[PDB]
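Reviewing the structure listed below.
What's counted below: heavy atoms across the whole structure, side chains too, no hydrogens, waters or symmetry copies. Just so you know, ligand 1 is whichever comes first in the structure, and atom 1 is the first atom listed for that ligand. Index from 1, following the sequence.
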Amino acid sequence: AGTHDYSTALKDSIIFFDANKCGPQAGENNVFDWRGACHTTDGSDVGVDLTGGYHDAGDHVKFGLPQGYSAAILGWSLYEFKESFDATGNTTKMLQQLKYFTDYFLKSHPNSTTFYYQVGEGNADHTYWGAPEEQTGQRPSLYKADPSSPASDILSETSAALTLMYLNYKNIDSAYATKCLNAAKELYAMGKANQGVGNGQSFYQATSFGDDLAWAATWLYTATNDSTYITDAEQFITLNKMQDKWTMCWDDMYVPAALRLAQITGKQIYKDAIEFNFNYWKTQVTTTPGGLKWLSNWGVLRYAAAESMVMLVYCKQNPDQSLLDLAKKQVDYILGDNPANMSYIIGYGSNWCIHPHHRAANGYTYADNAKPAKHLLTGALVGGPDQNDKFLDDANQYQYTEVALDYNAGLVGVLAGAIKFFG
Ligand SMILES: [Ca+2]
Ligand code: NI
Ligand SMILES: [Zn+2]
């Protein structure tokens, strides 16, 4: 299409998070009238209030790595493209989504050396299909990080999310912002003190933490101007990921970390890492007949949006028309410029997905979970099509209909960037 409404898509992509809010206050200032208080006793098994935060995807477990990653990427979006949010009147709502994340992180850090990062057990949670408000019983505070239990990647992403909140909220509530920075410093300290990846069951199997430590370190530098953090960062990022053939996602933050280090240190090694990844996506990554960069089969649009966001952040200082064109094509494809003639953002554009893999939106139980979703899950980015640009909008095809926090995190960022460069 000659013109696209990036403004409305941005608003919708932010609104999506309201559908996954968890806790006694989940329904407060929530755009969806079908969402209410849920899992109000989280943390009761360990004597700590662990309510709040967000359900991970179509399920209700709160997984630490994607929870932290999502909060960090959303915070990065606001930090780099603030003008886009202000101009479209989305800053207020965005800040509310972010504070819902940070309030949860702070409550999950009872003392300086402890951090609870998973509420719920994946296997059991998935045997349930119904509204989160009616899921009773006891959820276990399954995992926590402490001096004897490492979770460097989770702790670092959470630290980055908290530091970004300090940067994005200091002008609104400096006291709360500082509380976030102090917590961010402590979580980072925990992460480098005992090194190793955190636990995510078989659902979120992590493979690297050096990328996260480096990433968290660059933000602490931006907030404190303390060079020691960069000394740490240069060491952690090298723990060959300098030739990353993947992209930014919950498990791999090597590209974003390299981008910030190139900006902060000016070293060629980091500039080369970014150039490699970008050039790899330009010609090596599979391209569907429809023009979509297809990295892998699961959450394919999530990957295209994430890489595009990184390229747009890079373009702020180093405008490269080849990058802007690539990024714009991926975004436009998601919005409706594709062989399937459908918007991949539910509730936006035309002929959107009617079978999202989301319990709350579905609205049925085991009496009809195969019927079309009863409620409109506005703003959700679905898994996406196959390498032939085909989309199967039906009940059991999860690869196509899955939705998740980490999927939308990158979408918000790229849309904010699109408004700046093409808006
Ligand atoms: Ca990692
Ligand atoms: Ni178009
Ligand atoms: Zn809940």
Side-chain angles (χ1 to χ4, degrees), residues 1-6 9 17-27 30 35-43 50-69 72-73 100 104 119-120 125 128 130-139 150-160 191 195-198 200 204-216 236-237 239 241 244 246-258 290-291 325 328-339 341 343 349-350 358-360 405-406 418 422:
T3 185
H4 288 281
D5 188 359
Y6 302 116
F17 292 96
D18 271 9
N20 280 33
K21 284 181 178 174
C22 185
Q25 300 182 296
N30 195 303
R35 282 310 323 285
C38 61
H39 311 104
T40 62
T41 70
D42 284 356
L50 294 178
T51 60
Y54 297 78
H55 298 148
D56 187 65
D59 53 4
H60 303 141
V61 177
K62 302 188 287 194
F63 287 109
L65 188 46
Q67 187 96 178
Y69 164 83
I73 299 314
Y100 207 77
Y104 171 60
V119 172
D125 183 67
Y128 172 79
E133 296 80 4
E134 306 181 307
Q135 181 172 37
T136 59
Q138 271 295 109
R139 263 132 66 88
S152 303
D153 53 341
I154 295 182
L155 289 170
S156 293
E157 286 309 320
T158 304
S159 176
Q195 289 168 29
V197 298
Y204 285 97
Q205 291 173 281
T207 65
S208 61
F209 64 78
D211 52 319
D212 303 281
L213 281 171
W215 165 251
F236 297 140
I237 196 169
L239 289 176
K241 281 298 183 175
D244 203 324
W246 206 241
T247 187
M248 169 178 82
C249 60
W250 59 267
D251 187 47
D252 179 14
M253 287 295 280
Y254 281 104
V255 180
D325 294 325
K328 190 178 190 298
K329 290 187 178 182
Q330 303 312 292
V331 175
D332 292 348
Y333 182 105
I334 290 170
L335 298 177
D337 278 19
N338 54 64
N341 300 120
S343 158
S350 58
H358 190 276
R359 290 169 175 70
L405 294 180
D406 75 291
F422 321 119

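- By the 4.5 Å heavy-atom criterion applied to side chains, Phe209 and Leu155 are not counted as neighbours.
- Near the Zn ion (ligand 3), less than 2.8 Å away, sit the protein N, O or S atoms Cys22 SG, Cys38 SG, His39 ND1, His55 NE2.
- Taking the Ni ion (ligand 2) as reference, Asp337 places its N/O/S atom OD2 nearest.
- Remark: at the Ca ion (ligand 1), atom O from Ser208 and atom OD1 from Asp211 enclose 80°, rounded to the nearest 10 degrees.
- Between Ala9 and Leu335 the shortest heavy-atom distance is CB-CD2, 3.8 Å.
- The nearest N, O or S atom of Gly2 is not closer to the Ni ion (ligand 2) than 2.8 Å.
- Checking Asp244, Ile73, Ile237 one by one against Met253, the side chain to side chain contact (heavy atoms under 4.5 Å, CB included) holds for a single residue, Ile73.
- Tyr204 places a side-chain heavy atom less than 4.5 Å from the side chain of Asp56.
- Taking the N/O/S atoms of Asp212 in turn, the shortest distance to the Ca ion (ligand 1) belongs to OD2.
- Comment: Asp332 does not engage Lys329 in a salt bridge, judged by the lack of any side-chain N to carboxylate O separation of less than 4.0 angstrom.
- Ring pair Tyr6/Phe422 is tilted by interplanar angle, where 30° to 60° counts as tilted.
- Taken to the nearest 0.5 Å, the CD atom of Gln67 stands 11.0 Å off from the CG atom of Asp406.
- Taking the six-membered ring for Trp and thresholds of 30 and 60 degrees, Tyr100 and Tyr54 have ring planes more than 60 degrees apart, a perpendicular arrangement.
- Of all the N, O or S atoms in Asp251, the one closest to the Ca ion (ligand 1) is O.
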